[PDB]
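**Student:** Structure, please.
(chains A and B)
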Amino acid sequence: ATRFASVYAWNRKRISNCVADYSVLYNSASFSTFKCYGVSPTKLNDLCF
Amino acid sequence: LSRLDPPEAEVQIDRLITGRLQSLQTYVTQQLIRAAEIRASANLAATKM
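**Tutor:** Numbering: from 1, shown residues only, chains lettered A, B, ... in the order given. Take a look:
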């Protein structure tokens, strides 16, 4: 996307009713900080929620 | 194993192992005491017979 929200007015969105493919999350290592707590950063593609 | 990486999965598994081992030791001690009581009862029954 082009724009984001403020820290105080953080935008909340619901994700469901679709297939989640987080390949792009780690394929494009353009994010300075990428940390997962309680879930494997690499196994994100082998989980259901 | 799936949620957490080996670093902290090690301590989590260690805690689970400690708890389960404590439960097993308590159960085995109780079983030993009960077995001693039943052996005394069986000796009494054999003497009566």
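
**Student:** can you give me the helices for chain B?
**Tutor:** B:6-48 (DSSP state H).

**Student:** in it, what residue is nearest chain A?
**Tutor:** residue B:3 (5.5 Å; CB to the nearest CB). The C-beta positions use only the backbone N, C-alpha and C, and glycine is treated the same way.

**Student:** can I assume that residue is in contact with residue A:40?
**Tutor:** Yes. Counting by CB atoms under 8 Å, residue B:3 touches residue A:40, with 6.6 Å between them.

**Student:** give the contact list for residue 22.
**Tutor:** No chain was given, so I picked chain A. Shown in contact with residue A:22 (CB atoms under 8 Å, 6 or more residues apart in numbering or on different chains): A:44, A:45.

**Student:** Same question for stretch B:17-34: list its buried residues.
**Tutor:** By 16 or more other CB atoms under 10 Å in any protein chain shown, stretch B:17-34 has no buried positions at all.

**Student:** Dump the C-alpha coordinates for that stretch into PDB.
**Tutor:** Only the C-alpha atoms of stretch B:17-34 are listed here, as PDB (Å, rounded to 0.1, in the frame of the first residue of the first chain):
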ATOM      1  CA  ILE B  17       9.900 -33.100  31.400                       C
ATOM      2  CA  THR B  18      10.500 -32.000  34.900                       C
ATOM      3  CA  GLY B  19       6.800 -31.800  35.700                       C
ATOM      4  CA  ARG B  20       6.000 -35.200  34.100                       C
ATOM      5  CA  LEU B  21       9.000 -36.800  35.900                       C
ATOM      6  CA  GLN B  22       7.800 -35.400  39.200                       C
ATOM      7  CA  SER B  23       4.300 -36.800  38.500                       C
ATOM      8  CA  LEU B  24       5.700 -40.200  37.600                       C
ATOM      9  CA  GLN B  25       7.900 -40.300  40.700                       C
ATOM     10  CA  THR B  26       4.900 -39.500  43.000                       C
ATOM     11  CA  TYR B  27       2.800 -42.100  41.300                       C
ATOM     12  CA  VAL B  28       5.500 -44.700  41.600                       C
ATOM     13  CA  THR B  29       6.000 -43.900  45.300                       C
ATOM     14  CA  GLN B  30       2.300 -44.200  45.900                       C
ATOM     15  CA  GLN B  31       2.200 -47.500  44.000                       C
ATOM     16  CA  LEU B  32       5.100 -48.900  46.100                       C
ATOM     17  CA  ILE B  33       3.400 -48.000  49.300                       C
ATOM     18  CA  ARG B  34       0.100 -49.600  48.200                       C
END
